[PDB]
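First comes the structure, then the notes that go with it.
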Ligand SMILES: O=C1NCC[C@@H](O[C@@H]2OC[C@@H](O)[C@H](O)[C@H]2O)[C@@H]1O
Ligand SMILES: O=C1NCC[C@@H](O[C@@H]2OC[C@@H](O)[C@H](O)[C@H]2O)[C@@H]1O
Ligand code: NA
Ligand code: NA
Ligand code: NA
Ligand code: NA
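Residue numbers (the entry's author numbering): 2 to 302.
If you want it as C-alpha cells, here you go:
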C-alpha cells in the first residue's frame, strides 16, 4: 500500500497521529494527515482542562472538532486522557483527598458519557509512575488521594462505557530492563490478578538519547500481551527521526499479535511538541522523510 494507514491495515493494525484542532484550517496538514493516517488522538482537546474547564461544566467544542474531523476522514479515535497529573484545570489542581477522588470519578463519567460507544480506546490513566530507579508512583494530587486511584479510574471507566478498551498509558516504560517498566508490569499483573478492568497498555514511545530505543521493546510488548492485554504504541517520536529506529519500532509492533497499531505524536516536524528534535515522519513542508519510507516499507513487509 502507498500510505501508512492503509499499509498497517493489511495486517489488521492502524497507523495514527495526534491532531490539533487549531490546525484543521491548514491545508497541508489536513491533506497529509487525511491521506496517511487511519487513527486519531486529540493532542490536547480531550484532556481534563480542555473538556472540563470549570467543575461540572463540560466543553466538548474543540474535542468534537477533532472527533468529527476524524470520523469525516475515515479514522477511528483514541481518547486521551481521563486522569493525569498534568494539564489539570486549576479547580482540580486545588482539590485533594476524597474531594479530588469524587471529581476524578465525575470527570471520567462525564467525558465518557459524551463519547459512549464512539471511542475505541481510552487512555484512562496517564503517567502514574515516577522516573528513575524507584518504581514509585509519581507524586501528584491523584496519587496522594490513595494508591487505589488508578484502579478506581479503571472501574469507573468500565461502568461508564463497557464498549471502550481501557488503556493505561506511560512513557519510559518500553525498555524491559528499566525499573519504571517493571513497576508498570507489576501493576498490570496485579490488576489482572485482582480483576481490575484493564484492557490495554499504551507505550508512549518518546525515544531519545536519554531514553533510547532498545530491541527489547519487542520483549516488553510480548510480555505485557501475555498478561492478557492489548498493547499499543501511542505517542511515537524519535529524536532525529532515524530511519533504522523507526523501522525497528514498526517491526516490533508487527511481530506482536496483540499490538494494535502505532500513533506518531504529530504530522510534520514543526507540529511536534519537540520540533527541535526533528522527530517525526514529515518535513516542515510536508514532504516525506527517510523515516517515512522506512516505516511504510516495514508495514508493507
Ligand atoms: O533515567 C533517565 N535518565 C535520563 C532520561 C530520563 O527520561 C526522560 O524523562 C523525562 C521525559 O520528558 C523524557 O522524554 C525522558 O527522556 C530517564 O528517566
Ligand atoms: O501523554 C502525553 N505525554 C507527553 C506529550 C503530551 O502531549 C503534549 O502535552 C503538552 C502540550 O503542550 C503539547 O501540545 C502536547 O503535545 C501527551 O499528552
Ligand atoms: Na495503498
Ligand atoms: Na490514498
Ligand atoms: Na517505502
Ligand atoms: Na518489504
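Just so it is clear, CB atoms sit at the ideal spot from N, CA and C, and this is done for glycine as well.
DSSP, read as helix, strand or coil, puts residue 263 in strand. The three-state secondary structure of residue 81, taken from DSSP, is strand. Here residue 117 is exposed: its Cβ has fewer than 16 other Cβ atoms, across all protein chains shown, within 10 Å.
Residue 232 carries a strand assignment under DSSP once its states are collapsed to helix, strand and coil. For the pair of segments examined, the region 201 to 214 was found to touch the region 168 to 182: the number of CB pairs separated by less than 8 angstroms reaches three. For residue 287, the shortest C-beta to heavy atom distance toward ligand 6 is 8 angstroms or greater. In the DSSP assignment, residue 202 forms a beta bridge with 169 and 232. In the structure shown, the three-state DSSP call for residue 127 is strand. Boundaries cannot be given for residue 47, as no alpha helix (DSSP H) includes it and DSSP labels it neither H nor E. Closest option to residue 263, judged by alpha-carbon separation, among 27, 110 and 39: 39. Ranked by how close their Cα comes to the Cα of residue 237, the residues 95, 73 and 246 have 246 in first place.
In this structure, residue 168 lies away from residue 197, with their beta-carbon atoms at least 9 angstroms apart. Where residue 91 is concerned, there is no enclosing beta strand (DSSP E), although the alpha helix (DSSP H) around it starts and stops at 91 to 94.
When the beta-carbon positions are compared, residue 66 and residue 42 stay at least 9 angstroms from each other.
Here the alpha carbons of residue 21 and residue 45 stand approximately 7 angstroms from one another. Among the bridge pairs identified by DSSP, residue 238 is matched with 207. About 12 angstroms separates the beta carbon of residue 129 from that of residue 145, a gap too long to meet the 8 angstroms contact definition. Put simply, of 23, 259, 102 and 28 the residue whose alpha carbon is nearest the alpha carbon of residue 225 is 259. The set of residues whose C-beta lies within less than 7 angstroms of a heavy atom of ligand 4 reads, in chain order, 3, 4, 7 and 36.
Closest in alpha carbon position to residue 278, among 240, 302 and 244, is 240.
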